């Protein structure tokens, strides 16, 4: 059976299901599995739990587990194993409390041999999405606990997944073997070797020499340069996923010229995102016309894009009192120039190149963008103070969207809060956000998000720029790449070599 060589900058880690770095999320996803599965269209479906019910008040969920699942060592996957895992996570609460699902979780109880009930302090509809995460709610054989838990180490990384970790060589590789007693469909590949290649130039050469078959990742492991270099050779398979998270400029409704709706709309009409993507990103990301893409839960609401239309942008400006003396002039309104400050982290090359593109494009319609590249700490001070006209931001990505990012909009010291402060409907928006997070009603939930996202779009609070995507470069014999529904999901089990 066929074997795959995969490159990664680092070793996969010890693969503890309940800890973070140095454990790599994609590798945790190969070995361990969640109760429920996040789909690429934003829905959540059955996985280790075949069924579930939420109590009427939304504070308890009872999961009915599959009855045909074994851990890779042959031990039973059941309600007892799930509770044992949940409990060791909750006993290490300080590590995990950043996740609002954990923060609201009171307890787990065994209510049948294959039924587990999860209890919350208050309703929290994103429970299902956050259960689909690579960590911390995936399941190791409890026999692998050390001293009654996982927080201080595990015996061996024994999961229920389609892959088993069978060899680790630090600085060299990690080898995963197909789990031939996996409960689901069996992988076409018998073996996945993760080769440790931290140096991008070495990775390129290794891919040339045929020492690795697949490269896969987002902005992190793969530069636009790297993807461009391979896609132009025209002999490999190169593909991009569906949108994962959105990069935006937040425009400050409470500060400067961006207080004016016409100016914010003009900005949305005057940046050529397609050219920005083509030049700065080498086509490795997709144009975003809305804050959230239509594969984000509750966000498929048919918002109309602001089309690239610099003449219209000029008409919106002039028709708001921001007029140009002559053709190429910086516009003015009551003595004052149309100058706006765009603040970004000065050592971030991509953001910097994007900011320079924004500056050039907006200058064409009479806007003087001042570029203020500064250190991260200085940028966080600006976000919280509202001392910006435009500032870069990013959504959280699947499966955290839209709830995580929207939730932060109503919290002071977040960029989005400061940027939205000038909206007359800010208090109402913040009330709807509070209501949507505790909503137990799916119809109400869609209506609430529709209203929130529609107001943010129509009031042009954002300049949505790009959708980050997973990139894949593969030898043609690997076949079509099936992309994960979240950035940390690399579906080796779905590869079918030709």
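Numbering follows the first chain given and starts at 1.
- The PDB entry reports B-factors from which the mean C-alpha value can be compared for 125-133 and 145-153; the larger average falls on 145-153.
- As listed in the deposited structure, the average C-alpha B-factor of 198-206 and of 411-419 is greater for 198-206.
- Highest CA B-factor among the listed residues (305, 74, 321, 161): 321.
- The PDB entry gives the largest Cα B-factor of the residues 463, 468, 444, 473 to 444.
- When all modelled residues of the chain are sorted by CA temperature factor, residue 282 is found within the middle third.
- Looking at the C-alpha B-factors along this chain, the one for residue 337 belongs to the highest third.
- Residue 364 sits in the middle third of its chain by CA B factor, as recorded in the PDB entry.
- Looking at the C-alpha B-factors along this chain, the one for residue 288 belongs to the lowest third.
- Among the modelled residues of the chain, residue 10 sits in the highest third by CA temperature factor in this PDB entry.
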